[PDB]
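> Experimental coordinates for this protein are included below, preceded by the sequence.
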Amino acid sequence: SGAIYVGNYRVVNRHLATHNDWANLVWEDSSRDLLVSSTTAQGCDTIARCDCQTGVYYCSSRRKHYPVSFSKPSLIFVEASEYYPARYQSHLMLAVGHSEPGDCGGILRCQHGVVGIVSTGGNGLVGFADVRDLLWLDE
Ligand SMILES: C#C[C@H](NCCc1cocn1)c1nn(C)c2ccccc12
Ligand SMILES: [Zn+2]
């Protein structure tokens with residue numbers, strides 16, 4: 001579980017969005033596993049605006065923050081889960097690291113701010129949904 005809170009926006013994994021998020025929907029992309037909903041209070045997370053490939057992610061299944069190298073956002077074939085069939089997930093970055101379903105929403109951060117959230121995993125890899133291209137989160 002987990003979310004990014006920036007301005008009057010809440011960024012969550014689409015497969016973990018609640019009743020309240022869908023009713024106050026701003027934007028959603030199934031292929032990215034992202035959903036943004038409006039909020040009444042202002043958030044304090046800063047979104048990174050960079051092309052960093054090193055950062056630190058939070059892994060709740062280990063209660064630990066791990067430093068990782070990650071690939072640039074791409075279109076990657078992801079195996080079927082209970083939430084989506086087997087498909088090409090877009091704007092996805094991979095790192096060698098531990099992750100379990102319940103780790104989705106864990107933040108990946110660089111020196112410039114929030115890079116993305118845990119969205120996929122398996123075979124000793126963790127996948128993060130990039131949010132650095134969503135420039136409208138800043139305004
Ligand atoms: C099921 C599930 C989770 N993905 C749901 C979202 C999704 C499905 O396809 C593309 N995205 C998952 N996230 N992590 C970090 C895992 C690690 C190991 C095994 C599964 C997972
Ligand atoms: Zn950065």
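Received it, and whenever you're ready, just let me know what you need. Numbering: from 1, shown residues only. Ligands and ions are numbered 1, 2, ... in the order given.
> Quick check, residue 91 in contact with residue 73.
Yes - taking CB atoms under 8 Å as the definition, residue 91 is a contact partner of residue 73 at 4.5 Å. In this view, the C-beta of every residue, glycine as well, is placed from N, C-alpha and C.
> Close to ligand 2: what parts of this protein are there?
48, 50, 52, 110, 112 (CB under 5 Å from the ion).
> what about residue 108, helix or strand, and which?
strand 107-110 (DSSP states H and E).
> Isn't residue 11 up against residue 4?
Yes - if you go by CB under 8 Å, residue 11 and residue 4 touch, sitting 4.0 Å apart.
> which neighbours do the two share?
With contacts taken as CB atoms under 8 Å, 6 or more residues apart in numbering, residue 11 and residue 4 have 117, 131 as neighbours in common.
> Comparing these two, which residue is more hemmed in?
Neighbour count, other CB atoms under 10 Å: between residue 11 and residue 4, residue 11 has more, with 28 against 23.
> is ligand 1 contacted by the strand holding residue 108?
No - judged by CB under 6 Å from any ligand atom, strand 107-110 stays clear of ligand 1, getting no closer than 11.7 Å.
> in the protein, which residue is closest to the centre?
Centroid-nearest residue in the chain: residue 117, 2.2 Å away (criterion: CA atoms, centre = their mean).
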